[PDB]
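Encoded as C-alpha cells, the structure appears first; notes follow it.
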Amino acid sequence: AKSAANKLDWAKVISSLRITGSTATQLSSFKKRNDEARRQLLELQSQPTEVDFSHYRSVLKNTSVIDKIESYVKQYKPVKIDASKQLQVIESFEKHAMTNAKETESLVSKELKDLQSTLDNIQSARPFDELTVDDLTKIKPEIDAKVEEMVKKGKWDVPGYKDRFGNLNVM
Amino acid sequence: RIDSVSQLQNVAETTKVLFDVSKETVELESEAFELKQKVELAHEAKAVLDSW
Amino acid sequence: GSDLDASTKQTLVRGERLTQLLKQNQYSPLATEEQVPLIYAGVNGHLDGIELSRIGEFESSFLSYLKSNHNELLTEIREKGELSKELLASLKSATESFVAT
Amino acid sequence: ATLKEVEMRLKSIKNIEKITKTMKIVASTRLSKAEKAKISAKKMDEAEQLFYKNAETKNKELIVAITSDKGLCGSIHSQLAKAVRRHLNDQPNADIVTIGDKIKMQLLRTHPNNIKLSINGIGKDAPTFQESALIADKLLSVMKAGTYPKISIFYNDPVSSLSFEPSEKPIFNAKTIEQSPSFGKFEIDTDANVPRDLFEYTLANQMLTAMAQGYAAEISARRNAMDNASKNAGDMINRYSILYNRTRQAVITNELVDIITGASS
Amino acid sequence: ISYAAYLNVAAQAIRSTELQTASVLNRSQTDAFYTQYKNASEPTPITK
Amino acid sequence: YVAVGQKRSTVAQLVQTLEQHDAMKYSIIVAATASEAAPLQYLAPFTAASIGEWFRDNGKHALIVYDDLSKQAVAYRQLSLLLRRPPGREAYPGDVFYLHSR
C-alpha cells in the first residue's frame, strides 16, 4: 500500500546518502511523506458519508428535515472534480529526468570498463625497474618538452626530483 | 576511482523508480482531497441532526 | 558538591533521558505497541547521547518514523505481545536508524 | 510524622555541624604544614628572581593555571576562573594549561579550543618538586614551552590568611633571556646552553613556587569556609530545634485531645 | 632529555646511604596522570 | 467512576470531559456531590460496588475507580459522631478499617 512506496523511499534515502547533495531532494521527500501521512490520517479520521437516519431520525419528532439533509447529502454525492492533473507535466519532467539518468548511467558504465582496462594494463605491464627511458619519451613527448624547456631555460635543477630522490653532495 | 564510479552506477538506474513513485503518490493525495470533502459534509450533517 | 567521575555520569546522563521519556501530557494515552519502541531506545541507550531539550522532539518524530516505515513492526507487537528475535533485531536496526535523523 | 521528620532533619543538621566543626579543626592542622612549606618555597624562588631583576628581563602567549583538584576549598576555583576569563579577553587565542581539576572544568566550558594540556592528581598532596618538574618537562615536550614568547601563570596568592586573591605572574622566556638588557653583567660561556637550561630550570622552579602559594591559599580558604559553614549550620540547628520543641509539645496536645474526647464519651 | 628533567631524575636518585625522611620520599614519588587535552578533546591520561 | 465528595462543578466538567473524548458510552458515573448527605456519601461506595458486582457476576471484566475513598472516611466519621459511637483514632470510628476492607 503506502508501505511499498515508503520502504522503497527510505531505501533510496540511504542510497541518496551515497551521492552528494540533497539540500532540496529532502524537501521533495518531505512533501511526499507529509501529504501521504495526511491522507492516511484523513482516511482514519473519516466519518460515515451519510446520516444514520435509522436511530437519529426516529429520535427526532421534527420530521422531514432528516429527509432534507439526507437529500442534501445525496445531492452532494457528486463531490467535485478530480483528475490526474500532473499527466502532461509528470511525463515531461520524468522524460527529461530519464534522459539525464540514461546519460549519467551510460557514462559511468563506460568509465567503469575503462577503469577495468587500465587496472588490467597496469597489472599486465608494470614497469618499475626497466623499460627504456627512450620508450618513456616515445609514450610521452612531455619528457622532451620538459627537457628542451629546461635546456632552453638554462636550469639543470629539476624541482620534485630532489624531494623524493636524494642529492649526493659533499657540502 | 572505480569505487566512486560504482556508487553512481547503482544509483543512476534505481532512482528513476523512486522519481516516478513519489510523484505517483502525490496523485493519490489529490483523490484524497475528494475524500476529505465527503467526510466533512457528512460530519456536519450528523451534527445538525443531533442539534435538532 | 561531590565532583562526579565519568562512570557515574554515564549513569546520570542515561538516567536523565529516561525521565524525559516518561513524561506525558494530561489526557494523552498511548498505545502499548508504540511504548515498547520508546523504552527499547532508552534502555539501549540510544537516547543517552541525544540532547536533553530535543528528547521530546525525538519521541514525537520517532513515533512518526515507526508509523511510516515500521508499521508492519507495530502490527506484530500488537499480535504477539512478546518481542521475538526478528522483532528485537528489526527494532534495533530501526532505532539505530533514527538516532541521527 | 511532623515530629519524626523534624527530628531526623535536626539530626542531619547536627551531623553536618559536627562534620563542619571537624573539618575546620583538621583544616587548621593542615594549614600549619602548608604555610611552613610556602616559606621555604618562597625563599627558594627569590634567589632566581634576584637574577631576573638584575637581568631586567621583561617577560603566542601561553597561560598556565593552578588550583585545587577538589572542592570545599572555598571560592579559590571560581575566583581564579573568572580572572582567567578576564585575561582571556586580554588575548583571544592563548592555550590554557590547567593544573587543577577545578580550574580545568570552568575554563573548559568557556573556550573548548584553548585547553591543550591539563594535569590531574597534583592538588591532593602538598606541592612537590618532582611533580612540578615533570609538568615542566611535559610543558616543554608537549607544548614546546620556549616557543611562546609570552607565558603567564595563574595561581591564588594568599594575600592575608583570611583572604586569597587570584593572581598571575609572567614566566620569562628563553628568547627574552638572551636579549634581556643585562645578561652580560653575568658572565658565562659562549658554548653556553644557559638560555635553554636556565629557562627550563626556572620553568619548574617558578612553577613550584606558584603551586606552593596556590596550595596554601586553598588550605587557607577552606579553613575560612569551613568556619563560616559551622556558623550557618548552627543557625539551622537553632531553627529546627525550636521547631522540634514546639512539635513535641504539639504531639502531646494532639494526644490529649483524643483522650479528652474519649473521656467525654 | 630536558635539562631540568635531567636534574629531577638525579634528585630522585640522590635520595638513595639512606636514613631518609618520609617527606623526602613523598617529594620523590609522583602521584599524577597528565590528561593531554586536544582542541575540547583529550588524549589518554598518561601517568605522569 | 465513582465520585464522592466532589463539587458539582468538578463532576460536571468530568462528565463533560468524558463526553468530549467520547469515552462516555461504556461508563457508569456514580456520584455523590459535596452538598449531598453524609449518610448518602457513606453508602455511596457500597452501592457502586454492587453495580460493579453485576458486571462481575456476568463474567464481564470491568474496573471501578473509587475516587476519593478518603471522602468515604470523612462521611463515616460524621455518621458515627452523630450516632454517638465512641470515636476512634483521629475521630474516625475504629471500624473504618473494617468498612474499607470489606
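Going through the C-alpha cells in order, the chains are called A, B, and so on, while each chain numbers its residues from 1 and the ligands are numbered from 1 in the order shown.
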Check your understanding: Excluding same-chain residues fewer than 2 positions from region 10-27 of chain E, what lies within 7 Å of it counting only C-alpha atoms, as a PyMOL selection string?
Key -> (chain D and resi 128-130) or (chain E and resi 6-8+29)
For the selection you just gave me, I'd like the residues written to a file as a compact mmCIF listing (two decimals), in the first residue's frame, keeping C-alpha atoms.
# COMPACT_ATOMS: atom_id res chain seq x y z
CA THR D 128 56.47 18.53 45.41
CA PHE D 129 59.42 19.45 43.18
CA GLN D 130 59.01 16.09 41.42
CA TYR E 6 67.81 15.62 33.97
CA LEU E 7 68.26 17.42 37.30
CA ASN E 8 64.98 15.97 38.57
CA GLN E 29 57.37 9.95 44.29
Check your understanding: Could you name the residues that touch residue 103 (chain D) at 9 Å or less, counting only C-alpha atoms, but leaving out those on the same chain fewer than 2 positions away, as a VMD selection string?
Key -> chain D and resid 65 to 69 76 to 78 80 to 81 98 to 101 105 to 108
Selection to disk with N, CA and C atoms, as a compact mmCIF listing (two decimals), in the first residue's frame:
# COMPACT_ATOMS: atom_id res chain seq x y z
N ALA D 65 47.67 27.59 34.69
CA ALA D 65 46.85 27.97 35.80
C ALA D 65 46.95 26.87 36.79
N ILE D 66 46.68 27.19 38.07
CA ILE D 66 46.89 26.30 39.18
C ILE D 66 45.71 26.49 40.08
N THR D 67 45.01 25.40 40.46
CA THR D 67 44.01 25.40 41.51
C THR D 67 43.96 23.98 42.00
N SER D 68 43.12 23.77 43.03
CA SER D 68 42.76 22.51 43.63
C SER D 68 42.16 21.56 42.63
N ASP D 69 42.26 20.25 42.94
CA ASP D 69 41.65 19.21 42.16
C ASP D 69 40.30 18.90 42.74
N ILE D 76 38.24 29.69 45.69
CA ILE D 76 39.53 29.74 45.03
C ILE D 76 39.38 29.41 43.57
N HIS D 77 38.61 28.35 43.28
CA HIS D 77 38.44 27.80 41.97
C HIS D 77 37.78 28.75 41.03
N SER D 78 36.77 29.50 41.51
CA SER D 78 35.94 30.26 40.63
C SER D 78 36.39 31.68 40.63
N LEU D 80 39.64 32.44 40.59
CA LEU D 80 40.61 32.27 39.55
C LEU D 80 39.98 32.05 38.21
N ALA D 81 38.86 31.29 38.12
CA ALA D 81 38.23 31.03 36.84
C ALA D 81 37.77 32.28 36.17
N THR D 98 45.90 23.69 32.28
CA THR D 98 45.23 23.73 33.55
C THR D 98 45.78 22.67 34.44
N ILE D 99 46.38 23.14 35.55
CA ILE D 99 46.92 22.35 36.60
C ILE D 99 45.84 22.47 37.63
N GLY D 100 44.93 21.48 37.73
CA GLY D 100 43.88 21.52 38.72
C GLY D 100 42.59 21.30 38.03
N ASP D 101 41.81 20.32 38.54
CA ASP D 101 40.53 19.93 38.01
C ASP D 101 39.54 21.05 38.12
N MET D 105 37.64 22.54 34.65
CA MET D 105 36.27 22.41 34.22
C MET D 105 35.70 23.71 33.76
N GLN D 106 35.95 24.77 34.56
CA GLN D 106 35.36 26.06 34.34
C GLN D 106 35.85 26.71 33.09
N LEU D 107 37.18 26.71 32.86
CA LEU D 107 37.73 27.26 31.65
C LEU D 107 37.38 26.43 30.44
N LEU D 108 37.27 25.09 30.61
CA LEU D 108 36.99 24.14 29.56
C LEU D 108 35.65 24.39 28.94
Practice item. Return the neighbours of chain F among the residues of chain D, cut-off 8 Å, counting only C-alpha atoms, as an NGL selection string. Key: :D and (258 or 261-262 or 265)
How close does each residue of chain D get to chain C, giving the shortest atom pair and distance in Å to one decimal for every residue with an atom at most 9 Å away, counting only C-alpha atoms, sorted by chain and residue number, as a tab-separated table?
residue	atom	partner	partner_atom	distance
D:70	CA	C:3	CA	7.3
D:71	CA	C:1	CA	7.0
D:72	CA	C:1	CA	7.8
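Residues of chain C lying within 10 Å of chain A, counting only C-alpha atoms, are residues 64, 67, 68, 69, 70, 71, 72 and 97 of chain C.
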Practice item. Could you give me, as a PyMOL selection string, the residues within 6 Å of region 33-42 of chain B, counting only C-alpha atoms and dropping anything in the same chain fewer than 2 positions from it? Key: (chain A and resi 46-47+49-50) or (chain B and resi 30-31+44-45)
Output of the above residues as a PDB file, in the first residue's frame, restricted to C-alpha atoms:
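Result file follows (selection_8.pdb):
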ATOM      1  CA  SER A  46     -13.284   9.562   8.382  1.00  0.00           C
ATOM      2  CA  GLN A  47     -16.918   9.576   9.441  1.00  0.00           C
ATOM      3  CA  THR A  49     -20.550   9.616   4.474  1.00  0.00           C
ATOM      4  CA  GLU A  50     -24.252   9.962   5.277  1.00  0.00           C
TER       5      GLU A  50
ATOM      6  CA  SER B  30      -5.348  14.599  -4.984  1.00  0.00           C
ATOM      7  CA  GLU B  31      -8.019  11.900  -4.880  1.00  0.00           C
ATOM      8  CA  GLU B  44     -21.701  18.380   9.504  1.00  0.00           C
ATOM      9  CA  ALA B  45     -24.965  16.681   8.530  1.00  0.00           C
TER      10      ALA B  45
END
